[PDB]
Amino acid sequence: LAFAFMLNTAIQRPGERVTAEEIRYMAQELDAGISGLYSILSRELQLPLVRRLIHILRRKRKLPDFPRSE
Amino acid sequence: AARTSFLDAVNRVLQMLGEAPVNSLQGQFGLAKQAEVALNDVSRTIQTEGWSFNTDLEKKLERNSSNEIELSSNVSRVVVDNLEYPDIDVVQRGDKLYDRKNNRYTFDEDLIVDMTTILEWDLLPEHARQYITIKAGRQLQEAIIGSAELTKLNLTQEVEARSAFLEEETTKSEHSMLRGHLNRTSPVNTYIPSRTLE
Amino acid sequence: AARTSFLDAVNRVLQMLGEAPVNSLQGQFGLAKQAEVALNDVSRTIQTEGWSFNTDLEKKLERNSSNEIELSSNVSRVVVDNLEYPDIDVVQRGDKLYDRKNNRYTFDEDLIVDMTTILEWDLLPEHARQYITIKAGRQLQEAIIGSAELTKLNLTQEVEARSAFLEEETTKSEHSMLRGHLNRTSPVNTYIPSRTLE
Amino acid sequence: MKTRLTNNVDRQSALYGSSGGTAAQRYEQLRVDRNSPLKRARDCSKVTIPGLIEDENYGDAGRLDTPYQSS
Amino acid sequence: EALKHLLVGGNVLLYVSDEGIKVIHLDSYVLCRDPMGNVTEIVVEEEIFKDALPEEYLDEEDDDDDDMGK
Amino acid sequence: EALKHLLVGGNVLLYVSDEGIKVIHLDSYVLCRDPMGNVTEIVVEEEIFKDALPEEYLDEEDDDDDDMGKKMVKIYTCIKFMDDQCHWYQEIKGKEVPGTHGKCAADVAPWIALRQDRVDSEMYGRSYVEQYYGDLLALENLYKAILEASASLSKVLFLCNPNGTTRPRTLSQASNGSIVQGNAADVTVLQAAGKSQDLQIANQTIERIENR
Amino acid sequence: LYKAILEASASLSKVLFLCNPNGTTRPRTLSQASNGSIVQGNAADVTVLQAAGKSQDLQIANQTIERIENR
Amino acid sequence: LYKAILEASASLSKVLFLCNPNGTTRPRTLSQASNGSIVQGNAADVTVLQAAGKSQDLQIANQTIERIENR
Numbered sequence: 355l356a357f358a359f360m361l362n363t364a365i366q367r368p369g370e371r372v373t374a375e376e377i378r379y380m381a382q383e384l385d386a387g388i389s390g391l392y393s394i395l396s397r398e399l400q401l402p403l404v405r406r407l408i409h410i411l412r413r414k415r416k417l418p419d420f421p422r423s424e
Numbered sequence: 002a003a004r005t006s007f008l009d010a011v012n013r014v015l016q017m018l019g020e021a022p023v024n025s026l027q028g029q030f031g032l033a034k035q036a037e038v039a040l041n042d043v044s045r046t047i048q049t050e051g052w053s054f055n056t057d058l059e060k061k062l063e064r065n066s067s068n069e070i071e072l073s074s075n076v077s078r079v080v081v082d083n084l085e086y087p088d089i090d091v092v093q094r095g096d097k098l099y100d101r102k103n104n105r106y107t108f109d110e111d112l113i114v115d116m117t118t119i120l121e122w123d124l125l126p127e128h129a130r131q132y133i134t135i136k137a138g139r140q141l142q143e144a145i146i147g148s149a150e151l152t153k154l155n156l157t158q159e160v161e162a163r164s165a166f167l168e169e170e171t172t173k174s175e176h177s178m179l180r181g182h183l184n185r186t187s188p189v190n191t192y193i194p195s196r197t198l199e
Numbered sequence: 002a003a004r005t006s007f008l009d010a011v012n013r014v015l016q017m018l019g020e021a022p023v024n025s026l027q028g029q030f031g032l033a034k035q036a037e038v039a040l041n042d043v044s045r046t047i048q049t050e051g052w053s054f055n056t057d058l059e060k061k062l063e064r065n066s067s068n069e070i071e072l073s074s075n076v077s078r079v080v081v082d083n084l085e086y087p088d089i090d091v092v093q094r095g096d097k098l099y100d101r102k103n104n105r106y107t108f109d110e111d112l113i114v115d116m117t118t119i120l121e122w123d124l125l126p127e128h129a130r131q132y133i134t135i136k137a138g139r140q141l142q143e144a145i146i147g148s149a150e151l152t153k154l155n156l157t158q159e160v161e162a163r164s165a166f167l168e169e170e171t172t173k174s175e176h177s178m179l180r181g182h183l184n185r186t187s188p189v190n191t192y193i194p195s196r197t198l199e
Numbered sequence: 001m002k003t004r005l006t007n008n009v010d011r012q013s014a015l016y017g018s019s020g021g022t023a024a025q026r027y028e029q030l031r032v033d034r035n036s037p038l039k040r041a042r043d044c045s046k047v048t049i050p051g052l053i054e055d056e057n058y059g060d061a062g063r064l065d066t067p068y069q070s071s
Numbered sequence: 143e144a145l146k147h148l149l150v151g152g153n154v155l156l157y158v159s160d161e162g163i164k165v166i167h168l169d170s171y172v173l174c175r176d177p178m179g180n181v182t183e184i185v186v187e188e189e190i191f192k193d194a195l196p197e198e199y200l201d202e203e204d205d206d207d208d209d210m211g212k
Numbered sequence: 143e144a145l146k147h148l149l150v151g152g153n154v155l156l157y158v159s160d161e162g163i164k165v166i167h168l169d170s171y172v173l174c175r176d177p178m179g180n181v182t183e184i185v186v187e188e189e190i191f192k193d194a195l196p197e198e199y200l201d202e203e204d205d206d207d208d209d210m211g212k213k214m215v216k217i218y219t220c221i222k223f224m225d226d227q228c229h230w231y232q233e234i235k236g237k238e239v240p241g242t243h244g245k246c247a248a249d250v251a252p253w254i255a256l257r258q259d260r261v262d263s264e265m266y267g268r269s270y271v272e273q274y275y276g277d278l279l280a281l282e283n284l285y286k287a288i289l290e291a292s293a294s295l296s297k298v299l300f301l302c303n304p305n306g307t308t309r310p311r312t313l314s315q316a317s318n319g320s321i322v323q324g325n326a327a328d329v330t331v332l333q334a335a336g337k338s339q340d341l342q343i344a345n346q347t348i349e350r351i352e353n354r
Numbered sequence: 284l285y286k287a288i289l290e291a292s293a294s295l296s297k298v299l300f301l302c303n304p305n306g307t308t309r310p311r312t313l314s315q316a317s318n319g320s321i322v323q324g325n326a327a328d329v330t331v332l333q334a335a336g337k338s339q340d341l342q343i344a345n346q347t348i349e350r351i352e353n354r
Numbered sequence: 284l285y286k287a288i289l290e291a292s293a294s295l296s297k298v299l300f301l302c303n304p305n306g307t308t309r310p311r312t313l314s315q316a317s318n319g320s321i322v323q324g325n326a327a328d329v330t331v332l333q334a335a336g337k338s339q340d341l342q343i344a345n346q347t348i349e350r351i352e353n354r
């Protein structure tokens, strides 16, 4: 379960030294483990939020309208 | 080849005792009365313990007009789950149930109990009949003749009969430990590790 | 086949001693009265211990006018709770309680005790009846004949009967080790470590 | 007083009325389908964090339990 | 807070405004989707004290009660 | 997402457009291939609410329904590959939707088909996890087995020897630190004498399978 | 050989309970009793079925399998 | 020598069960019973066939084959 939830405790190997390169390697593993969730959240939350943000900002007239393609 | 009957059982008991076989049961002029009483007593002694062939689950009991629970005269034991009823501790006393915790003979509602009954000779299954016959023969011989070699022979036969009866009971009733208390409806699958690894 | 009755018990004791069966129990002309006495004595000896079926919990006891506690004719043992009564601890003496700490026969208020009673033959349950029968028969045979091999056989039967009686008692009553002294109401759920892991 | 749970950026004039039912009726209709996932989420929350998602009668005067593991 | 609810529950509805961002738990809204994945209608239900509502919407029975704070 | 479906399932169909990339699961399209490997025809079936459809194509029965937010209409798609120029059109209820036609060369086609393991003479490929499905199943079964054995073992009971002189009431009712009448040799605890070795063997084989 | 060792390990993982008839333990008492309870019986009677000595042969098979795999 | 040790390990890997007739264990009960159940028997009767001592000779063979391979 600890490996599944990507906590840092299961990372330690008791008894012998671990190199910095090894630590970076398994840190790469943990970052890779939740790539699907990062991707789906990036597609779903960030873009609509910022789009609504710019729309509200433009309606407030604090910045002139974006140029549009001819 | 039908199942063993009362006359065959008493003939077997007499043969174990060492006497000549007797013809009938009615108006007998032999040891028939002693053999019959030994058979009945051993049947009762075996049956009062409670097995899987004479026990009713989640049976409902009804009180009389005075809020008293009266049992039948052939009820050997009554068990009431503690977790279900956390305010009453019931024990059997004669033919009526008694409230040990509250020191009363009167209740407030009907109960759901697990009770066992003493069955007649006709309704017993084959292994019970066999074990009862052998035990009754041993008891009668030991209490009536009292020799040595006969006692040891009957001891060996009774040991073998007990082993056979226990094995038959366990394989018929499939007792388990994962299931827990049998009162619950089976949620178990007993997924065997032996089969599905291919 | 009903529960064991008094006449059947007397007949069984006489049979295991070695005598012929008797027809009734009233106005007889044999050892039936001695068998009755032996059965009653063994019943008293067994019941003076305190088991599930003959113990009353939480019972309230009432004093008389002279500030004394009076016990009935058939009260065997009386237990008080030290944690509930710190300045009074009592011990039964004859038929009256005696405040051994204050060296007085009087009290100041009504007590809450746990009482053990000696019951008649009617109110006894089946396993207790069987144990009483076997033990009384063995004791009477030893007192009358005075054998050794017969005593050995009776000891074997008595050991088996005691095992069965203890089995039945501990299955019926459902004693626990977590719960502690039972004068506290059950908070215990005993959730099964066995089944519910799926 | 002034019910302002909505911004002042896109408010307009009245454009739709009550042409067919009320919002309460549609909410009651859709609660039937919404039921089960709420139960699943409530059980999961109970097994991880006792008081995150709550039953409707465990608010001001409700008591929460604790698990026997903190993973 | 939205991320925590998403991890525990799996569904959460956001409202983006000039004043702030308000989250609504799964217990206080409903919706319908096509099997493609495009949502069509959302109903959100919430409960408030009568003090913040317009007086024209305050009926006689609410006026007849002495529990405006309850 | 497409790569994840490719590893898990082994097939996925892509559509490329200026607006965005849309993936389609294996469960919503069919296709035919020559044994050479060139796909000839693709059919895509898809389900959408009736609100986004043209009103002329809304039938009387759909108009008679008050479940417009809960009633649905299927929309199909057909793909043909010939003379290195693909052709496609959208249809609904057996007639084509106006303005949905398209045509472009094969090398710039908008539809792309994939398969994990290039196994010839198969219309649909094989997923990667199919390689080790059996070992995965065996590992699953062995893990559950050891878990169930441990579940059965962890129970604790007590046992009184009838030949002894220990009363259950005395043991249960007595408080902590007291002195009672009994012999410690009679009361025993139910336990499994030797089962450790087999469990260690099972642990060893599970570790080997998991490491592989 | 891998199949063989997996097969033997699968067979050995079963767990059973065995009660000696010469004793005074009833199966119903063992099955029905709740946790922490105290019942009548002798722990020397109930036994669990197991393979007495098999570790040596399996370790030999593991050694030869490891050698072949290394080669 | 490699073939010899491989064949010996092949023969040793088999597993069998053996019931003692003097005991009171029925094969049908052992085979048919499900996991975790309680049946009638004595664990001292059912034994598994094994080779008592062969590890020393196999170790001698391993030593000599290692020496030959090293040479």
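Protein chains in written order, with the entry's author numbering: chain W, 355 to 424; chain E, 2 to 199; chain V, 2 to 199; chain X, 1 to 71; chain B, 143 to 212; chain L, 143 to 354; chain U, 284 to 354; chain G, 284 to 354. Every residue, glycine too, gets a C-beta built ideally from N, C-alpha and C.
Item	Value
Residue environment, L/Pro-304, which counts as buried when at least 16 other CB atoms sit within 10 Å	buried
C-beta neighbour in chain U for residue 357 of chain G, strict 9 Å	In the structure as shown, chain G starts at 284 and stops at 354, and residue 357 of chain G therefore has no counterpart that could be examined.
Residues that U/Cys-302 bridges to, as DSSP identifies them	G/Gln-323
Chain-ordered chain B contacts of X/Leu-30 [CB-CB under 8 Å]	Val-172, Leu-173, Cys-174 and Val-185
For L/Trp-230, the residue or residues it bridges with in DSSP	L/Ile-221 and L/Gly-244
CB contact check: E/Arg-180 to chain V, cutoff 9 Å	yes
Contact the region 80–98 of chain V vs the region 124–132 of chain E: 3+ CB pairs below 8 Å	no
Three-way DSSP call (helix, strand, coil) for G/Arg-354 in this model	coil
Beta-carbon proximity of L/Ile-190 to L/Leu-155, cut-off 9 Å	no
Terminal residues of the alpha helix (DSSP H) in which X/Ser-45 lies	23–48
Where L/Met-265 sits in the DSSP three-state scheme	coil
C-alpha gap between W/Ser-389 and L/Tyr-157, whole angstroms	23 Å
Range of the contiguous beta strand (DSSP E) that encloses E/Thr-118	112–118
Entirely enclosed beta strand (DSSP E) segments - the region 31–69 of chain E, minimum 3 residues	56–62
Endpoints, beta strand (DSSP E) assigned at X/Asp-55	Unbroken run through X/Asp-55: none, as it is neither H nor E.
Buried or exposed (CB count within 10 angstroms, at least 16 for buried), V/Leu-40	buried
Residue-chain proximity (U/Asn-345, chain L), Cβ-Cβ < 9 Å	yes
Neighbourhood of L/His-147 by C-beta, 6 Å cutoff - its chain only, sequence neighbours within 5 removed	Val-154
Buried or exposed (CB count within 10 angstroms, at least 16 for buried), B/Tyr-199	exposed
Chain-ordered chain L contacts of V/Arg-163 [CB-CB under 8 Å]	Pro-304
Where U/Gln-315 falls, given that 16 or more other Cβ within 10 Å makes a residue buried	buried
Test item: CB-CB of V/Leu-141 and V/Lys-61 under 9 Å	no
Length of the line joining the Cα atoms of V/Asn-75 and V/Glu-50	13 Å
Stretch pair the region 331–348 of chain L + the region 285–305 of chain L: three plus CB contacts closer than 8 Å	yes
Below-9 Å beta-carbon distance, U/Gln-339 vs any chain L residue	no
Residue from G/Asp-328, G/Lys-297 and G/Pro-310 with nearest C-alpha to U/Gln-333	G/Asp-328
One or two residues paired with E/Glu-168 in a DSSP bridge	BP columns for E/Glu-168 are empty, so no partner.
Min CB distance W/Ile-377 to chain B below 9 Å	no
Touch test, the region 245–262 of chain L against the region 199–219 of chain L, Cβ-Cβ under 8 Å, three pairs minimum	no
9 Å Cβ cutoff met for L/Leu-168 and L/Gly-179	no
C-beta contact flag for U/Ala-326 and L/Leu-301 at 9 Å	yes
B/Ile-163, buried or exposed, once every other Cβ within 10 Å from all chains shown has been counted against 16	exposed
Three CB pairs or more closer than 8 Å across the region 169–180 of chain E and the region 317–324 of chain G	yes
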